[PDB]
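Data block below; observations after.
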Amino acid sequence: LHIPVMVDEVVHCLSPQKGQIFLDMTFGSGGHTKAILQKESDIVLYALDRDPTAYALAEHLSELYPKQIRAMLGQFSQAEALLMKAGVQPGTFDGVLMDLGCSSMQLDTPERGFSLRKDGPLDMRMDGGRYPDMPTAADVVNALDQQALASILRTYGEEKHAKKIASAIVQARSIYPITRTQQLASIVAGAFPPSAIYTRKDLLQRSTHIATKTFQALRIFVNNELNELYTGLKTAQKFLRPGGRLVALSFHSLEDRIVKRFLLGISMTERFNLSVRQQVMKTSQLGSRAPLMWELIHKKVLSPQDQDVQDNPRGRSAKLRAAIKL
Amino acid sequence: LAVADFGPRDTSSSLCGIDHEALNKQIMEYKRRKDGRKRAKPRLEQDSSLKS
RNA sequence: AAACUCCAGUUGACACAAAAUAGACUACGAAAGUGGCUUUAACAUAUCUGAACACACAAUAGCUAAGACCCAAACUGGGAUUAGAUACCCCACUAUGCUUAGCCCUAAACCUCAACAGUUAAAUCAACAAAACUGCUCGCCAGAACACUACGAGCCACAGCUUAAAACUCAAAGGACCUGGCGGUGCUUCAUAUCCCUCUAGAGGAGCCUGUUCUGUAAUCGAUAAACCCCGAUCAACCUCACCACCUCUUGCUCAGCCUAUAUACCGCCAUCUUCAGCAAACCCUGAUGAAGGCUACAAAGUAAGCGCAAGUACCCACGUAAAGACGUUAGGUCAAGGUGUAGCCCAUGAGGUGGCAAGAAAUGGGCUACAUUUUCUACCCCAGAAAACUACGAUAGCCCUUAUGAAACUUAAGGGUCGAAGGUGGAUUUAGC
Ligand SMILES: Nc1ncnc2c1ncn2[C@@H]1O[C@H](CSCC[C@H](N)C(=O)O)[C@@H](O)[C@H]1O
Ligand SMILES: [K+]
Ligand SMILES: [K+]
Ligand SMILES: [K+]
Ligand SMILES: [K+]
Ligand SMILES: [K+]
Ligand SMILES: [K+]
Ligand SMILES: [K+]
Ligand SMILES: [K+]
Ligand SMILES: [K+]
Ligand SMILES: [Mg+2]
Ligand SMILES: [Mg+2]
Ligand SMILES: [Mg+2]
Ligand SMILES: [Mg+2]
Ligand SMILES: [Mg+2]
Ligand SMILES: [Mg+2]
Ligand SMILES: [Mg+2]
Ligand SMILES: [Mg+2]
Ligand SMILES: [Mg+2]
Ligand SMILES: [Mg+2]
Ligand SMILES: [Mg+2]
Ligand SMILES: [Mg+2]
Ligand SMILES: [Mg+2]
Ligand SMILES: [Mg+2]
Ligand SMILES: [Mg+2]
Ligand SMILES: [Mg+2]
Ligand SMILES: [Mg+2]
Ligand SMILES: [Mg+2]
Ligand SMILES: [Mg+2]
Ligand SMILES: [Mg+2]
Ligand SMILES: [Mg+2]
Ligand SMILES: [Mg+2]
Ligand SMILES: [Mg+2]
Ligand SMILES: [Mg+2]
Ligand SMILES: [Mg+2]
Ligand SMILES: [Mg+2]
Ligand SMILES: [Mg+2]
Ligand SMILES: [Mg+2]
Ligand SMILES: [Mg+2]
Ligand SMILES: [Mg+2]
Ligand SMILES: [Mg+2]
Ligand SMILES: [Mg+2]
Ligand SMILES: [Mg+2]
Ligand SMILES: [Mg+2]
Ligand SMILES: [Mg+2]
Ligand SMILES: [Mg+2]
């Protein structure tokens with residue numbers, strides 16, 4: 001079982017109260033959505049997900065609360081149109097809970113293809129066939145050139161060995177099609193000496209497969225999570241009430257940066273991890289930020305309790321960024 | 001600028017860092033189609049001029 | 001931002017902290033060190049050398065105890081930046097820097113030059129540093145690494161200091177210098193249809209033509225980043241043809257033949273920098289006759305020749321445009337122009353006949369025609385009349401029918417008829433032109 005990550009913080013943060021309408025742009029399993037419909041019995045809630053399996057769960061769970069929860073299906077970009085059909089263009093949503101990442105059910109079910117450990121079709125697509133033409137991870141690896149595929153790994157996977165892990169994929173695909181998760185994992189391992197398979201470690205300091213950065217990289221290029229995250233936040237702002245509390249959850253750095261640089265106005269094209277020294281050097285050259293539209297409830301990113309991390313290691317990297325619209 | 005007459009006075013491609021559009025265009029075309037060695041030290045290179 | 005707001009400014013009072021200028025001086029001391037003022041004491045030796053351990057010292061940091069505390073400041077806390085943590089930045093503050101009394105005994109404690117005496121003549125001298133040496137004495141060294149380590153021993157030192165190995169391992173390690181490459185290297189001047197902006201017309205969007213890719217097919221090959229992509233072709237209905245299927249021939253058009261492999265064996269002919277100005281010899285001289293170097297015009301070691309540039313020539317000039325453009329670079333292109341080295345086939349990888357492929361789910365390059373009013377049609381070749389939005393502009397496309405060529409034409413070309421589509425001047429990007 002997967003407990004909703006930081007459910008206690010997200011509930012306190014949004015303080016759901018009677019007379020307030022809320023949105024959920026990532027229903028998924030619905031653990032967070034259900035934790036929010038428990039504290040306040042008079043709450044109004046809206047749900048959304050990219051997975052039709054997740055949208056069916058919400059529809060089945062809608063029986064528990066007939067109108068307090070309203071289920072919707074679609075991507076972040078398509079969310080505004082879907083909600084615009086309802087007619088809530090101003091929205092006046094008190095809070096938008098934009099949980100991020102892959103659902104526990106999505107990656108616990110081997111058929112969905114998200115787990116390298118198990119053997120499933122190399123789908124790695126949050127979409128559940130709602131768009132049967134949407135390329136899957138298998139398609140991405142078999143088509144793109146080394147330079148193109150290396151960029152996917154480098155930019156989205158934070159993978160130093162992008163050229164080494166991409167060349168192995170290019171050679172492997174020629175010999176046979178890459179259609180299964182384990183088939184890819186073995187190819188990526190084959191780019192390195194056999195001992196490399198578990199040399200790398202996580203921040204938890206527990207050995208991880210040497211292809212855990214290629215499964216994350218493709219997952220984010222197949223589902224365009226990063227570009228869809230920028231529109232998703234923007235749409236929330238337009239549909240978010242003034243004085244309404246937004247709450248995001250970033251499990252990896254790339255998504256965390258966008259949430260940080262969006263709630264603070266920082267340009268998305270600035271250099272990453274800028275030090276104070278570099279900031280001085282940057283502006284010294286020019287010598288020769290706009291008003292913020294948010295009020296961060298908690299100034300610094302929250303993180304899961306160390307005890308809770310061991311119980312749910314999947315959510316160890318959950319960085320909660322809360323803000324109030326201005 | 002003081003002399004001048006002003007008249008009567010009243011994307012995501014860079015965000016990710018990859019050409020996500022161009023990458024997904026090549027995949028669509030694919031979907032349609034289907035559906036070291038030793039080097040000798042130069043000073044030690046052997047010559048036969050003296051033997052000739 | 002935080003912090004402060006008994007804050008900040010003026011004025012006055014006020015140090016156990018630190019000592020502008022002088023100091024561009026180069027002094028004192030054994031070294032370490034010593035640069036505000038005064039006073040006291042005071043800077044060993046009438047031959048030199050003489051210690052890891054004796055004797056006495058020894059920056060900074062640090063230890064123990066007691067004081068001082070302006071300012072600085074490891075650490076720590078807060079703020080900020082950061083995906084986040086630490087650091088870099090900001091604020092506050094501590095050990096510590098100070099005094100006293102004990103320790104600790106280290107430094108790139110380095111003029112990286114042991115002390116003393118002597119010489120400037122020999123050879124000046126591997127190199128660099130810092131001109132080259134002689135006598136004499138003490139200390140020290142004997143491949144790299146292991147190793148400022150282990151053990152032993154001594155020490156007020158207890159995560160310490162001093163002295164200091166061996167085994168296993170290697171064929172180098174190392175010093176100086178030269179060249180090249182490279183620098184998130186300095187400065188300087190640059191590109192002239194160009195690196196960017198600026199100027200004009202385009203490409204990228206539409207249709208069509210054409211190449212390529214992919215897919216398809218029993219059914220060629222080669223080119224394929226710049227430097228491939230209307231390229232070998234100044235050109236494929238048969239032929240061409242090298243491909244596929246079937247059939248046929250065997251000293252075969254040839255004193256046979258092979259478009260069989262290898263352009264990474266080559267000649268031949270070229271691409272490319274080149275919208276370059278350099279390349280290769282023969283000598284001479286400098287550096288001690290080292291790797292190397294060789295220019296000063298009021299000239300200081302360079303020079304008599306070759307190739308390219310240049311000149312000259314072609315076109316309408318002496319301008320411009322052609323042509324030319326070395327060596328070298330990319331084992332660049334071409335064995336399928338022809339020839340040919342090497343390897344392979346010889347009833348077959350050779351030769352001949354018949355028929356056939358040469359398509360489009362698509363993607364992409366180049367071009368053509370357009371989207372119209374500076375336009376469309378007609379007359380005229382520039383003083384006109386009409387057209388001008390769903391019967392306008394717009395196909396060189398589709399379909400149908402003629403004609404031309406041919407033995408052969410749904411197929412190639414031209415013409416006519418019919419049809420009247422997308423397109424409404426095209427994002428990122430990009431081509432050409434003085
Ligand atoms: N661009 C997007 N638009 C909509 N839903 C998305 C999305 N990207 C991811 N998602 C979905 O959002 C969920 C995030 S992970 C699951 C979190 C959820 N609150 C839970 O019940 O666990 C997944 O269901 C995922 O498929
Ligand atoms: K002074
Ligand atoms: K001075
Ligand atoms: K020194
Ligand atoms: K150099
Ligand atoms: K155009
Ligand atoms: K050649
Ligand atoms: K040939
Ligand atoms: K040959
Ligand atoms: K074109
Ligand atoms: Mg403040
Ligand atoms: Mg003496
Ligand atoms: Mg001794
Ligand atoms: Mg001594
Ligand atoms: Mg000593
Ligand atoms: Mg001392
Ligand atoms: Mg002290
Ligand atoms: Mg202070
Ligand atoms: Mg103090
Ligand atoms: Mg003092
Ligand atoms: Mg000193
Ligand atoms: Mg001595
Ligand atoms: Mg000399
Ligand atoms: Mg030795
Ligand atoms: Mg030491
Ligand atoms: Mg020791
Ligand atoms: Mg000992
Ligand atoms: Mg076009
Ligand atoms: Mg071809
Ligand atoms: Mg080829
Ligand atoms: Mg070739
Ligand atoms: Mg090339
Ligand atoms: Mg024939
Ligand atoms: Mg033919
Ligand atoms: Mg043949
Ligand atoms: Mg060649
Ligand atoms: Mg002439
Ligand atoms: Mg001329
Ligand atoms: Mg020419
Ligand atoms: Mg010439
Ligand atoms: Mg070659
Ligand atoms: Mg031949
Ligand atoms: Mg044959
Ligand atoms: Mg018309
Ligand atoms: Mg026609
Ligand atoms: Mg005829």
Side-chain angles (χ1 to χ4, degrees), chain A residues 5-6 9 98-101 132-133 135 139 142-148 154-160 170 173-174 177 201-205 213 216-217 220 225-227 229-230 233 247-285 287 289 291-292 294-296 298-306 309 315-323, chain B residues 11-35 37 39 41-44:
Chain A
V5 176
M6 295 178 71
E9 296 302 321
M98 291 187 70
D99 188 314
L100 308 177
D133 303 3
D139 308 343
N142 304 319
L144 301 181
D145 185 87
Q146 286 187 13
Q147 294 177 336
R154 181 185 294 93
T155 70
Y156 288 3
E158 311 186 46
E159 176 57 74
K160 303 155 53 158
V170 173
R173 60 177 184 185
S174 304
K201 308 205 81 192
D202 202 341
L203 307 187
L204 185 50
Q205 303 188 350
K213 287 177 157 187
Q216 179 171 69
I220 302 158
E225 288 183 290
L226 286 167
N227 290 337
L229 179 57
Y230 189 41
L233 289 158
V247 176
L249 276 69
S250 294
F251 302 80
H252 63 77
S253 64
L254 294 175
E255 56 186 342
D256 195 83
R257 182 175 293 92
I258 304 313
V259 176
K260 186 202 172 186
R261 288 195 174 183
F262 166 84
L263 294 176
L264 294 172
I266 297 169
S267 169
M268 303 288 167
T269 60
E270 182 166 288
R271 281 187 65 185
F272 296 173
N273 290 279
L274 273 167
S275 59
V276 178
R277 181 194 288 273
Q278 282 173 327
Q279 296 270 39
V280 174
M281 295 299 294
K282 169 170 60 166
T283 60
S284 68
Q285 296 300 321
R289 206 194 296 166
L292 296 176
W294 302 91
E295 182 179 2
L296 312 193
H298 308 285
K299 287 189 173 181
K300 289 244 181 177
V301 301
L302 296 175
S303 286
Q305 168 169 13
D306 298 6
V309 165
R316 162 172 174 78
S317 54
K319 290 175 182 179
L320 188 150
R321 294 184 166 283
Chain B
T11 72
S12 67
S13 307
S14 61
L15 171 72
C16 56
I18 55 169
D19 196 334
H20 199 291
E21 268 189 356
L23 295 153
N24 194 10
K25 282 162 188 180
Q26 290 172 336
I27 293 165
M28 281 291 96
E29 184 179 328
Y30 179 92
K31 289 207 68 173
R32 298 158 200 278
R33 292 164 156 188
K34 192 169 176 180
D35 291 344
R37 278 182 49 163
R39 199 190 282 188
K41 290 175 161 172
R43 83 184 74 97
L44 303 183

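Letters A, B, ... mirror the listed sequences (proteins, then strands); counts begin at 1. Only this structure's heavy atoms are used, side chains among them; waters, hydrogens and symmetry mates stay out.
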| NZ/A/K160: more than 12 non-hydrogen atoms of other groups inside 6.0 Å | no

| message | What contact category does A/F272 fall into here, base, sugar-phosphate, or nothing, at under 4.0 angstrom with non-hydrogen atoms? | response | sugar-phosphate

| request: Check every strand shown and say whether A/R321 touches a base, only sugar-phosphate, or nothing at a heavy-atom separation below 4.0 Å. | output: sugar-phosphate

| query | Which is true for A/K300 with a 4.0 Å heavy-atom rule: it touches a base, it touches only sugar-phosphate, or it touches nothing? | reply | base

| message | With heavy-atom distances below 4.5 Å as the criterion, would you say the side chains of A/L263 and A/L296 are in contact? | response | yes

| message | Taking the nucleotide of RNA chain C with the nearest heavy atom to each, does A/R277 or A/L254 sit closer to the 5' end? | response | A/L254

| task | Sugar-phosphate means primed atoms, P, OP1 and OP2; the rest is base. With that split, encode nucleotides 224-229 of chain C 5' to 3' as B, S or - using protein heavy atoms under 4.0 Å. | result | ------

| query | Aromatic rings A/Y230 and A/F262: how do their planes relate, parallel, tilted or perpendicular, breaks at 30° and 60°? | reply | perpendicular

Any N/O pairs under 3.5 Å between the protein and nucleotides 212-214 of chain C? List them or say none.
from   : atom 1 : to    : atom 2 : distance (Å)
C/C214 : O4'    : B/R33 : NH2    : 3.3
C/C214 : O2'    : B/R33 : NE     : 3.0

| message | According to side chain to side chain contact (heavy atoms under 4.5 Å, CB included), who are the partners of A/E9, at least two apart in sequence or on a separate chain? | response | A/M6, A/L302, A/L320

| remark: A/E158 CD to C/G84 P, in whole Å, measures 13 Å

| task | Answer yes if C/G320 and C/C28 form a Watson-Crick or G-U wobble pair with both distances under 3.5 Å, and no otherwise. | result | no

| A/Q216 and A/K213 side chains, donor-acceptor separation under 3.5 Å | no

| Residue mapping more 5' on RNA chain C - nearest nucleotide basis, A/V301 or A/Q279 | A/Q279

